[PDB]
Amino acid sequence: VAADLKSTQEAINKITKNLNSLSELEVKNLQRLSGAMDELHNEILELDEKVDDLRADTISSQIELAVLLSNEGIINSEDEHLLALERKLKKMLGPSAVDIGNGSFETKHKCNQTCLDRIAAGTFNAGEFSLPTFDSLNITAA
Amino acid sequence: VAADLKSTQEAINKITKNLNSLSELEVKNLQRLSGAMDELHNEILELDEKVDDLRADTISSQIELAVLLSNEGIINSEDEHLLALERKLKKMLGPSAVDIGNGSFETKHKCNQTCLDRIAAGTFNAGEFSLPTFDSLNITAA
Amino acid sequence: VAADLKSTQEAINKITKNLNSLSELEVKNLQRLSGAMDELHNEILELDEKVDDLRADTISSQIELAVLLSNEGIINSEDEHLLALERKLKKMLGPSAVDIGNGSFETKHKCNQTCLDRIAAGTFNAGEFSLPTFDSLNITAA
């Protein structure tokens, strides 16, 4: 038995439409994954900045304690070791602008809001992904 | 020449089955990528916690050295600068519960096991992804 | 009306070819996403190492200030508290090899180049993903 023309035509039309449908749904899945990837990326950059600023915090304050100690004038025997330590600390300062040691001073800061908002308590969409399955058309004989 | 009905029917059935097969394999690929995404996410959260706890460690101990210094009574000229430094340090404490400065004290801690296990020496599945390709059926004339 | 054999054959051939095309394009999309995933992973490992080395930096220098303070001999009343603090600090040292406290000393370091190059100013490919859509063939009657 032969196959009806129109029938077969509509069948193949349905398969092509199924293919395009699956294709566009697939690009949507890719774009969702992509969005999540970008989120991860932002969280990482912000965490890095957080680490920089912690470096600046702790090293800055250690420097201030060292300077204060010099100024008091009670480090006599170990004064050279103190100077050297101050040198090391300045050498360990965060990758940013920071004011002189002598006395007190501010330091680096580069990460706000999402820095503390992206990673700390941030709802992360999991991975429920689906794609359609399709039925075949019954091509009827002419 | 016309096309055999049954033949064409089985052909289209095979194409639809190929399409569903590819579809379900594709969702599996998406779910694997998704799993890896979640892993990255966990590693990031744990690293963040690690940074918090380091902040608490270093700032806590700097505070203790400052308090000890006050208690010794040898900071006379720079005593106000010392108080101020203690204020700054308390202001820099990690985002968590920490006991009074005077004397010694504990501090923040929020990240165990995988915190040191997820990122430090953790086998990360790479990206070997594949999908099937399919053959066309020879539709035989009636 | 019946459907021409050859015509239908070429139609189904085109649909199968469309399916294989979409399939291979899809694996390419997966491999691109996978590459980006690996990048994120590397950035994370490097950030972790960065955190380790900051720990070593700050804790090492706090230890040195404590030792210097002992050596000066001006911590008399609080000398036990100082010893204890040194113990705590050594207990907080980074997960790596570090030389004795007394005097000065070096410490942990495990992350170079990309450690400061991967996350700090690194162009991250976004998510422009596409897949083809296909046309259906007009099967002509015999």
# chains A, B, ... in the order shown; residues from 1 in each chain; ligands from 1
>>> interface_residues(of="chain C", to="chain A", cutoff="7 Å", atoms="only C-alpha atoms", output="PDB file with C-alpha atoms, in the first residue's frame")
ATOM      1  CA  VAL C   1      -2.863  11.121  -3.905  1.00  0.00           C
ATOM      2  CA  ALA C   2       0.232   9.060  -3.074  1.00  0.00           C
ATOM      3  CA  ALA C   3       3.628  10.406  -2.045  1.00  0.00           C
ATOM      4  CA  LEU C  40      35.030  29.219  37.821  1.00  0.00           C
ATOM      5  CA  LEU C  47      40.952  32.340  46.011  1.00  0.00           C
ATOM      6  CA  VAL C  51      42.936  33.055  51.946  1.00  0.00           C
ATOM      7  CA  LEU C  54      46.666  35.776  54.118  1.00  0.00           C
ATOM      8  CA  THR C  58      48.783  38.042  59.502  1.00  0.00           C
ATOM      9  CA  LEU C  68      59.635  40.713  70.091  1.00  0.00           C
ATOM     10  CA  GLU C  72      62.161  43.268  75.189  1.00  0.00           C
ATOM     11  CA  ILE C 119      39.852  36.645  39.539  1.00  0.00           C
ATOM     12  CA  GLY C 127      25.950  33.490  27.672  1.00  0.00           C
ATOM     13  CA  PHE C 129      23.833  30.585  23.071  1.00  0.00           C
ATOM     14  CA  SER C 130      21.957  29.712  19.919  1.00  0.00           C
ATOM     15  CA  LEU C 131      20.688  26.676  18.072  1.00  0.00           C
ATOM     16  CA  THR C 133      15.777  26.048  13.469  1.00  0.00           C
ATOM     17  CA  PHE C 134      14.914  24.102  10.330  1.00  0.00           C
ATOM     18  CA  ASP C 135      12.431  24.122   7.457  1.00  0.00           C
ATOM     19  CA  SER C 136      10.302  21.209   6.260  1.00  0.00           C
ATOM     20  CA  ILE C 139       7.257  16.206  -0.710  1.00  0.00           C
ATOM     21  CA  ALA C 141       3.566  13.570  -5.581  1.00  0.00           C
TER      22      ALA C 141
END
>>> select_by_dssp(residues="region 85-133 of chain C", states="alpha helix (DSSP H)", output="number ranges by chain")
C: 85-91, 114-117
>>> closest_residue(among="A:132, A:98, A:11, A:126", to="residue 36 (chain B)", atoms="only C-alpha atoms")
A:126
